[PDB]
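Structure first, then comments.
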Amino acid sequence: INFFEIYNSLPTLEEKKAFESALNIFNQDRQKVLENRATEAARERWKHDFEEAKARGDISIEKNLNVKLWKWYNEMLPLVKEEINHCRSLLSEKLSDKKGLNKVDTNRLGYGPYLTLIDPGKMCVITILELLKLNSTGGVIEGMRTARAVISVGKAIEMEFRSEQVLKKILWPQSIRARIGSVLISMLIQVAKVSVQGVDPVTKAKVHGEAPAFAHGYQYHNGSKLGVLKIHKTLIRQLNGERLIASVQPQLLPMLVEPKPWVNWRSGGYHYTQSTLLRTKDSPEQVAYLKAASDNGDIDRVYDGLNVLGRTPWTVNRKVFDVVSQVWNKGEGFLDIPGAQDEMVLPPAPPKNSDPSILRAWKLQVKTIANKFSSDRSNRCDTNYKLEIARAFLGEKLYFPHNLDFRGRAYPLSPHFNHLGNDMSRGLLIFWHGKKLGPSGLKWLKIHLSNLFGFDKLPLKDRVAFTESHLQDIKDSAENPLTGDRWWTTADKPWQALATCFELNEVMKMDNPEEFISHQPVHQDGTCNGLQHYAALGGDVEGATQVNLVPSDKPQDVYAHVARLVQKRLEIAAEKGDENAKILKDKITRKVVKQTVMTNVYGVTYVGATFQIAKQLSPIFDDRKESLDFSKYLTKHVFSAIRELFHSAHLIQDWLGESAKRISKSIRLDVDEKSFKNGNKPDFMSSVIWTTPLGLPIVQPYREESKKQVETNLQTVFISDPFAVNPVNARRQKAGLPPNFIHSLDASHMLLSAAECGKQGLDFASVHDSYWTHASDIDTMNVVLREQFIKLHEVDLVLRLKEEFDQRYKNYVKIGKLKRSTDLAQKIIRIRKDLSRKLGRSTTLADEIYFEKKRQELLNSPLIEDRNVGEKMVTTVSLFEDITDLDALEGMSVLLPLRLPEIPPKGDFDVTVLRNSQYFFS
Amino acid sequence: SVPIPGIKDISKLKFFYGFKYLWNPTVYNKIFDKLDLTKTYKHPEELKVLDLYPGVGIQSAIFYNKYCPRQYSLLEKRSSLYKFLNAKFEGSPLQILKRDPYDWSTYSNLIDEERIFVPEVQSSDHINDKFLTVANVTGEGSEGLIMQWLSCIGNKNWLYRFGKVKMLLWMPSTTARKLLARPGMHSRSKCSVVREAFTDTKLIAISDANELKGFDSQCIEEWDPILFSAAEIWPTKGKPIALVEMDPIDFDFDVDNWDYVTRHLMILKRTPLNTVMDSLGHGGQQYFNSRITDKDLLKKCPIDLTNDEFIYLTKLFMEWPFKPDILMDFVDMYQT
DNA sequence: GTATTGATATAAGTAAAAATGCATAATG
DNA sequence: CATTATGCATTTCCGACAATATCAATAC
RNA sequence: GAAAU
Ligand SMILES: *O[C@H]1[C@@H](O)[C@H](n2cnc3c(=O)[nH]c(N)nc32)O[C@@H]1COP(=O)(O)OP(=O)(O)OP(=O)(O)O
């Protein structure tokens, strides 16, 4: 039943909506059964497989694999039952001092009550599925890593208990999770038996016997032991052929029924699954601030934007899917498909008496071959899974619930198949709704094809001329995509180019292009979004003119301009005439210039720039022997060019970095009452926090990691508790503040645009910077983008941000050394003498901070008479608070107030001038 | 007729890269008198000897002044030490070559390319009496060089294809405690295991009396080391320096399998052998429990075992029908 | 009296300590 | 304070990423 | 390996 074909065949809108409603009410059961969990389903499937194998005698297939899984479960269940009974018996002891204190007291009391809740059969199924799914992970050739093994089983069990809670101790300790996982994995290793054949060199004949399925071993990587579980070759070869669906169903897939709209920080997305509004991994501060913001209810605009992003219906492009299926079934590696690789081949072993350099070279070659083979298999398996999902959802309507990371950017909930995937995945997706092309539909389709081929810098008229010139081979490629000229493979995005060529041929065949119905998305991508945001923030006319922010007859290109600057610099260096200059004269690549120039204003280092240029110079192979030194030369030159060119982006970056440093080197006045015990140099628990224009709070999670060994049954894994608040990473926060701010601004603009498009009645899909709508709606889409950009950036964002910092961090203290010879220090020394007189010894900054907090409370105290008394008290921070020149004081260690640097001057540039800048976003 | 540098000359050397050198001619002549290299090398006049990382080179100068070999070359790449050696030892029968000993290609080029230093290949029946190697790896960060040299002794590739070549090795006292670890000691490691499997070593000198507590008392009293103070090395802040004598011995086993067995067994050096076999592979516990008849061996810990029982376990692993493929025991975290 | 905390070695060519690509942070 | 060390713009997804065992002092 | 700045 091809629902998409039926919907397109229906000629009347009334019956079209009636059919859509009927499909929606019909697909509820399918969506529920797809979203359902896997534990009971797998248990019943294994039971039925075992019973039918018993009826039929035996098998030697994945059916026998499931029978073996059932046998493992049946043998495991007594062990888990006995363990739970032992835990219950040991928990009923009235009183004891050392009753198996080495083993029972330290562990059974640790993980008794947690284990006694969940059904033993359910835990058995969960651990079996988790260990079977975890295959070839953690860098292990044939097994997986113990550190992930114990956590994954523990985390899955806790998540299972949470599923029992919604059917009716919020979060479990990491140590408890690891202990439970290790215990269950130990029981599974003890039980799992698999038969295997072998030949004894003495006997020189086949031997029949059984061996354990799992083994716990240790591997050495550069002198560090690894906890590794090894999976038997029989299990490896018997699980290899089942992919990721036959053994067990997946969990995250695109839905069919309307996604549940975002209402709270947990209500949205999948119908029967809770998804956090923020991609918070291990950030208690992030989750707390998100919960507070959701309670305050100031992210309704974010909710509207996410609803609009996740309401657009999709379907699988049948023609491109058929072409991809034909190419994949042909078996030879295509441009994107890696192709079918049969098996591993290893070089012959050199003689044991050969040179150690020769042996090292052979070892390196073997390692390289193994890594390449593993990567290629994984890529082929991922492509096969993508094709399987596309075929399963072919002919139906698709919905893509979206989610946000802490920066605010939008990501789909389903990671396997989405519109953010590679070229094949992007080409295999089209909008469910079809809209007439109108007068500008043909023009916009031609523009989309031309800029898909890579000619996006050229004007729209030239793009249309290019498409008109190449319409002949567009039609050719459409008629015979395979076994023909293959013009689409010459493009930058071959699959989307193929889809657009199909659409253009369908338009050309029709007599009247005006009334055609199209489903192909049209990508309208902005140019240099980060530089655009700097231009809007600083109000620099030069930057705005460079980044196509102002209207123009032709679109200027900062990347092209700086590439020409590098050309001039290297032709000046031609006087020196080194080998690097001679090689790189006519081969300076706009791709490396793109990456370096774009990432310079985000705080890239010299090493990072060298690595980026070397990586992007690798595919073209200007220096096949070694490109690193020439890359360093090029980085020096391009850095000189960017430093001479950009002058306001750098100012904004420097102000943000200095602010981040001052925030990361501060501490709360009254909160520091806890005995940190360091005395003079406390710990820092301050993270840069600010709110987006949309209202979403942002908390940078860069904190130190407290990794400690925790004792488990299998081994002492080396994990870190995510609940332990740790001192911040000052360098990480300082280096990451500007990019986080800029991407947050980009996400806010995108969300405002999506909300306004949803209000206007359009279909909107956003791959971060680039925006996708129908070909007919491109003009209104551009108008609404410009309107929303004006609305967002008409306010002084940097000034509001500094005001937010000042409001949030008013009562903060920053420790700064002060010169002993300073006259103001004499008063400070006298005051600390009183702070030493009461203490009776050397004055402590902790006591000084407590005294400072005493005055601040009295200022806000209800008693007016005590407030005057509170204003009478004088401290080191109180004495300096009358002085505004912070740099004047900057020996002795003195507390200083936290004052952020003043914002750079705001250049005069009207932002409304972009209402007619047709080339602003293209 | 060979000059010997003094501490006045040595104080002019700014950089030693962490390498500590002894400068006392009294200590060198005492060490040589204890060693008595003349009995093994019947004719020093025809002796060929190669030195690695000479640095100061007073040891080489005294060795030449005592025995006078036909050819004696020094391998260096350190700029300051090489310049000092060239300035001091120019116009002398000694020879100095500017090649870094760390690089494996250095020896192959030096011997098999332009005939500069050609040794004579001898059978493994007895210690070679025509080749001798002296090194100095007192640098703390170059333990891997010594371990690779031990592996090369095992594999008969780097310089031991010429036969059983005696080796003199200035090398740190902590590594001395590591290598000279009898079974049962708390410093027993795979370094000591390969040391006793491939070679038989004697300790000659040590710069600190306190370090002698760690070593085995019987070995110390049998060796009778030449103890000396810590004022005979110019860098005082460095760790104590010991000396060892390396003599290769004959062995009959498969190096790769023995290496795998030792590495994967004595990770858990304190656990009893009744359970450590599970780390070897799948079913190793049951297979070894069934095969092994000596119950005391199972009770013995891997830190109490020696090369004999290690070879026995390697043989058991060899005739294990279901032994895993030891070739692919690595992690694929590799740059691509 | 004992259990939690911190130090150290493993393997061993991704050397190490000289240099340097460099800005910024941590030293005594 | 001149001297010496540390890491190298951000984020998302995928089998990505990523130490452990033994032994000492000590804290209780 | 893929996506964006
Ligand atoms: O080209 C890659 C790829 O073949 C493989 N690889 C490395 N990391 C990943 C990953 O997270 N996911 C996938 N699918 N493939 C991966 O190794 C090659 C790169 O090797 P590197 O050691 O340089 O890998 P690293 O992760 O350090 O960096 P990057 O090059 O991938 O960014």
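Each chain in the structure tokens gets a letter, A, B and so on, in the order shown; residues start at 1 in every chain, and ligands are counted from 1 in the order they appear.
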May I have the residues within 9 Å of residue 15 (chain C) as a PyMOL selection string, using only C-alpha atoms (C1' of nucleotides) and disregarding those fewer than 3 positions away in the same chain? chain B and resi 102+141-142+144-145
Keeping only N, CA, C and O atoms, write the selected residues to a file as a PDB file, in the first residue's frame.
ATOM      1  N   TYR B 102      69.697   5.559  19.145  1.00  0.00           N
ATOM      2  CA  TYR B 102      68.304   5.172  19.356  1.00  0.00           C
ATOM      3  C   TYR B 102      67.692   4.594  18.086  1.00  0.00           C
ATOM      4  O   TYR B 102      66.903   3.645  18.150  1.00  0.00           O
ATOM      5  N   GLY B 141      64.142   8.508  31.138  1.00  0.00           N
ATOM      6  CA  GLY B 141      63.106   8.306  30.149  1.00  0.00           C
ATOM      7  C   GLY B 141      63.403   7.292  29.068  1.00  0.00           C
ATOM      8  O   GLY B 141      62.611   7.160  28.131  1.00  0.00           O
ATOM      9  N   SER B 142      64.515   6.568  29.159  1.00  0.00           N
ATOM     10  CA  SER B 142      64.933   5.631  28.121  1.00  0.00           C
ATOM     11  C   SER B 142      64.896   4.183  28.604  1.00  0.00           C
ATOM     12  O   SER B 142      65.735   3.364  28.225  1.00  0.00           O
ATOM     13  N   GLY B 144      62.491   2.177  27.761  1.00  0.00           N
ATOM     14  CA  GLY B 144      62.057   1.447  26.587  1.00  0.00           C
ATOM     15  C   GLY B 144      63.204   1.009  25.703  1.00  0.00           C
ATOM     16  O   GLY B 144      63.129  -0.039  25.063  1.00  0.00           O
ATOM     17  N   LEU B 145      64.282   1.795  25.656  1.00  0.00           N
ATOM     18  CA  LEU B 145      65.450   1.399  24.876  1.00  0.00           C
ATOM     19  C   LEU B 145      66.065   0.117  25.427  1.00  0.00           C
ATOM     20  O   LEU B 145      66.386  -0.810  24.672  1.00  0.00           O
TER      21      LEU B 145
END
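With the cut-off set to 7 Å and only C-alpha atoms (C1' of nucleotides) and all ligand atoms counted, the residues surrounding ligand 1 are residues 372, 375 and 379 of chain A; 333, 334, 335 and 336 of chain B; 14 and 16 of chain D; 1 of chain E.
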Helix (DSSP H, G or I) call set, DSSP backbone run, region 18-130 of chain B, as a ChimeraX atom specification: /B:25-35,44-46,58-67,79-89,104-112
Please identify all residues of chain D having at least one atom at most 10 Å from any atom of chain B, considering only C-alpha atoms (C1' of nucleotides), and return them as a JSON list (two decimals) with N, CA and C atoms (P, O5', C5', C4', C3', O3' and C1' of nucleotides), in the first residue's frame.
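Full text of selection-v3.json as output:
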[["chain", "number", "residue", "atom", "x", "y", "z"],
["D", 20, "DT", "P", 40.02, -0.16, 33.68],
["D", 20, "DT", "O5'", 41.10, -0.88, 34.61],
["D", 20, "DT", "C5'", 41.98, -1.84, 34.04],
["D", 20, "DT", "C4'", 42.93, -2.40, 35.09],
["D", 20, "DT", "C3'", 42.29, -2.73, 36.44],
["D", 20, "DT", "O3'", 42.65, -4.04, 36.81],
["D", 20, "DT", "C1'", 44.31, -1.60, 36.78],
["D", 21, "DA", "P", 42.15, -4.80, 38.16],
["D", 21, "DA", "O5'", 43.40, -5.71, 38.51],
["D", 21, "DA", "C5'", 44.62, -5.61, 37.76],
["D", 21, "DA", "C4'", 45.81, -5.78, 38.67],
["D", 21, "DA", "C3'", 45.48, -6.32, 40.06],
["D", 21, "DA", "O3'", 46.49, -7.29, 40.40],
["D", 21, "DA", "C1'", 46.58, -4.22, 40.26],
["D", 22, "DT", "P", 46.50, -7.99, 41.83],
["D", 22, "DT", "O5'", 47.65, -7.21, 42.60],
["D", 22, "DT", "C5'", 48.92, -7.00, 41.95],
["D", 22, "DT", "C4'", 49.82, -6.12, 42.79],
["D", 22, "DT", "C3'", 49.85, -6.44, 44.28],
["D", 22, "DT", "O3'", 51.21, -6.40, 44.71],
["D", 22, "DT", "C1'", 49.41, -4.16, 43.97],
["D", 23, "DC", "P", 51.68, -6.89, 46.18],
["D", 23, "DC", "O5'", 51.91, -5.52, 46.96],
["D", 23, "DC", "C5'", 52.87, -4.57, 46.48],
["D", 23, "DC", "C4'", 52.80, -3.29, 47.28],
["D", 23, "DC", "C3'", 52.80, -3.46, 48.80],
["D", 23, "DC", "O3'", 53.84, -2.66, 49.35],
["D", 23, "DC", "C1'", 51.13, -1.92, 48.13]]
In region 25-266 of chain B, what's strand (DSSP E) per DSSP? Answer as number ranges by chain? B: 48-52, 71-75, 95-97, 127-136, 164-172, 199-206, 226-227, 241-248
Closest contacts (chain B/chain C, max 10 Å, only C-alpha atoms (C1' of nucleotides)) as a tab-separated table:
residue	atom	partner	partner_atom	distance
B:15	CA	C:18	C1'	8.7
B:16	CA	C:17	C1'	8.9
B:17	CA	C:17	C1'	5.5
B:18	CA	C:17	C1'	8.0
B:78	CA	C:18	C1'	8.6
B:79	CA	C:18	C1'	9.0
B:102	CA	C:15	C1'	8.2
B:103	CA	C:13	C1'	8.6
B:104	CA	C:13	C1'	8.8
B:139	CA	C:16	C1'	9.0
B:140	CA	C:16	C1'	9.5
B:141	CA	C:16	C1'	6.5
B:142	CA	C:15	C1'	7.3
B:143	CA	C:12	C1'	7.9
B:144	CA	C:12	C1'	4.6
B:145	CA	C:12	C1'	7.5
B:146	CA	C:12	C1'	8.9
B:147	CA	C:12	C1'	6.3
B:148	CA	C:12	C1'	6.5
B:151	CA	C:12	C1'	9.6
B:187	CA	C:9	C1'	9.5
B:189	CA	C:10	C1'	8.7
B:190	CA	C:10	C1'	8.9
B:191	CA	C:11	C1'	10.0
B:263	CA	C:11	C1'	9.2
B:267	CA	C:10	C1'	7.9
B:334	CA	C:14	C1'	9.6
B:335	CA	C:14	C1'	9.7
Correct to one decimal, the distance CA of residue 810 (chain A)-CA of residue 880 (chain A) is 14.7 Å
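The list of chain D residues within 12 Å of chain A is residues 1, 6, 7, 8, 9, 10, 11, 12, 13, 14, 15, 16, 17, 18, 19, 20 and 21 of chain D; this uses only C-alpha atoms (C1' of nucleotides).
Each of B:177, B:299, B:188, B:66 was compared to residue 212 (chain B) using only C-alpha atoms, and B:177 turns out to be the nearest.
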Write out as an MDAnalysis selection string every residue belonging to chain A that has an atom at most 9 Å from any atom of chain B, counting only C-alpha atoms. chainID A and resid 138:141 196:202 207 210:221 225 230:232 352:357 366:368 370:372 374
For residue 172 (chain B), list every protein, DNA or RNA residue within 12 Å, evaluated using only C-alpha atoms (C1' of nucleotides), and leave out those in the same chain fewer than 5 positions away; present the list as a ChimeraX atom specification. /B:18-21,136-143,146,177-179,203,205-208,211,238-244
Limited to N, CA and C atoms, could you put the picked residues into a file as an mmCIF file, in the first residue's frame?
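Once written, selection.cif looks like this:
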data_model
loop_
_atom_site.group_PDB
_atom_site.id
_atom_site.type_symbol
_atom_site.label_atom_id
_atom_site.label_comp_id
_atom_site.auth_asym_id
_atom_site.auth_seq_id
_atom_site.Cartn_x
_atom_site.Cartn_y
_atom_site.Cartn_z
ATOM 1 N N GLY B 18 69.667 14.541 30.902
ATOM 2 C CA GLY B 18 69.305 13.672 31.999
ATOM 3 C C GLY B 18 70.217 12.483 32.205
ATOM 4 N N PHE B 19 71.280 12.356 31.416
ATOM 5 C CA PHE B 19 72.201 11.234 31.534
ATOM 6 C C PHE B 19 73.278 11.555 32.560
ATOM 7 N N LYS B 20 73.538 10.608 33.458
ATOM 8 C CA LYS B 20 74.528 10.770 34.513
ATOM 9 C C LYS B 20 75.744 9.909 34.204
ATOM 10 N N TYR B 21 76.930 10.503 34.324
ATOM 11 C CA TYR B 21 78.176 9.833 33.983
ATOM 12 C C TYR B 21 79.136 9.891 35.159
ATOM 13 N N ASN B 136 75.171 3.221 27.807
ATOM 14 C CA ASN B 136 74.950 4.096 28.957
ATOM 15 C C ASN B 136 73.557 4.696 28.791
ATOM 16 N N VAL B 137 72.594 4.157 29.537
ATOM 17 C CA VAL B 137 71.189 4.512 29.379
ATOM 18 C C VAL B 137 70.702 5.059 30.720
ATOM 19 N N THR B 138 71.577 5.790 31.415
ATOM 20 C CA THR B 138 71.233 6.318 32.731
ATOM 21 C C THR B 138 70.069 7.300 32.684
ATOM 22 N N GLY B 139 69.718 7.808 31.504
ATOM 23 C CA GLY B 139 68.554 8.661 31.363
ATOM 24 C C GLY B 139 67.286 7.988 31.844
ATOM 25 N N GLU B 140 66.485 8.712 32.629
ATOM 26 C CA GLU B 140 65.310 8.106 33.249
ATOM 27 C C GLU B 140 64.248 7.741 32.218
ATOM 28 N N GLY B 141 64.142 8.508 31.138
ATOM 29 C CA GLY B 141 63.106 8.306 30.149
ATOM 30 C C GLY B 141 63.403 7.292 29.068
ATOM 31 N N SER B 142 64.515 6.568 29.159
ATOM 32 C CA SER B 142 64.933 5.631 28.121
ATOM 33 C C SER B 142 64.896 4.183 28.604
ATOM 34 N N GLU B 143 63.919 3.851 29.450
ATOM 35 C CA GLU B 143 63.724 2.459 29.845
ATOM 36 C C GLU B 143 63.302 1.606 28.654
ATOM 37 N N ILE B 146 66.220 0.038 26.751
ATOM 38 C CA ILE B 146 66.774 -1.163 27.367
ATOM 39 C C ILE B 146 65.843 -2.350 27.159
ATOM 40 N N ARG B 177 66.835 -2.705 40.344
ATOM 41 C CA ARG B 177 65.921 -3.409 41.235
ATOM 42 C C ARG B 177 64.837 -4.129 40.450
ATOM 43 N N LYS B 178 64.370 -3.518 39.360
ATOM 44 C CA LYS B 178 63.340 -4.143 38.538
ATOM 45 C C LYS B 178 63.853 -5.424 37.888
ATOM 46 N N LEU B 179 65.018 -5.353 37.240
ATOM 47 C CA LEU B 179 65.536 -6.493 36.490
ATOM 48 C C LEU B 179 66.046 -7.592 37.415
ATOM 49 N N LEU B 203 75.572 -7.912 38.835
ATOM 50 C CA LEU B 203 75.690 -6.498 39.159
ATOM 51 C C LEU B 203 77.115 -6.213 39.614
ATOM 52 N N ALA B 205 78.613 -2.508 39.987
ATOM 53 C CA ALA B 205 78.780 -1.307 40.792
ATOM 54 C C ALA B 205 77.430 -0.640 41.004
ATOM 55 N N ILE B 206 77.350 0.146 42.073
ATOM 56 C CA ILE B 206 76.147 0.897 42.415
ATOM 57 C C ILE B 206 76.575 2.131 43.199
ATOM 58 N N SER B 207 75.881 3.243 42.972
ATOM 59 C CA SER B 207 76.283 4.526 43.533
ATOM 60 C C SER B 207 75.668 4.817 44.896
ATOM 61 N N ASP B 208 74.776 3.963 45.393
ATOM 62 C CA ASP B 208 74.093 4.233 46.651
ATOM 63 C C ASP B 208 74.008 2.960 47.477
ATOM 64 N N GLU B 211 70.194 1.637 48.237
ATOM 65 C CA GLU B 211 69.487 0.840 47.240
ATOM 66 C C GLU B 211 69.762 -0.652 47.380
ATOM 67 N N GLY B 238 70.556 13.713 40.320
ATOM 68 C CA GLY B 238 69.979 12.548 39.683
ATOM 69 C C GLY B 238 69.930 11.335 40.593
ATOM 70 N N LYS B 239 69.156 10.346 40.152
ATOM 71 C CA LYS B 239 68.977 9.118 40.906
ATOM 72 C C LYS B 239 70.246 8.268 40.864
ATOM 73 N N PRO B 240 70.394 7.330 41.804
ATOM 74 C CA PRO B 240 71.599 6.493 41.826
ATOM 75 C C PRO B 240 71.759 5.668 40.557
ATOM 76 N N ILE B 241 73.016 5.398 40.213
ATOM 77 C CA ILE B 241 73.389 4.719 38.977
ATOM 78 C C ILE B 241 74.033 3.385 39.325
ATOM 79 N N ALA B 242 73.592 2.325 38.655
ATOM 80 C CA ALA B 242 74.140 0.987 38.828
ATOM 81 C C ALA B 242 74.781 0.514 37.529
ATOM 82 N N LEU B 243 75.396 -0.665 37.592
ATOM 83 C CA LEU B 243 76.011 -1.292 36.430
ATOM 84 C C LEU B 243 75.627 -2.763 36.405
ATOM 85 N N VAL B 244 75.403 -3.289 35.201
ATOM 86 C CA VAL B 244 75.069 -4.693 35.012
ATOM 87 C C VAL B 244 75.907 -5.251 33.869
#
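The protein and nucleic acid residues lying at most 8 Å from region 82-99 of chain A are residues 78, 79, 80, 101, 104, 105, 108, 109, 112, 113, 115 and 116 of chain A, with only C-alpha atoms (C1' of nucleotides) considered and sequence neighbours fewer than 2 positions away removed.
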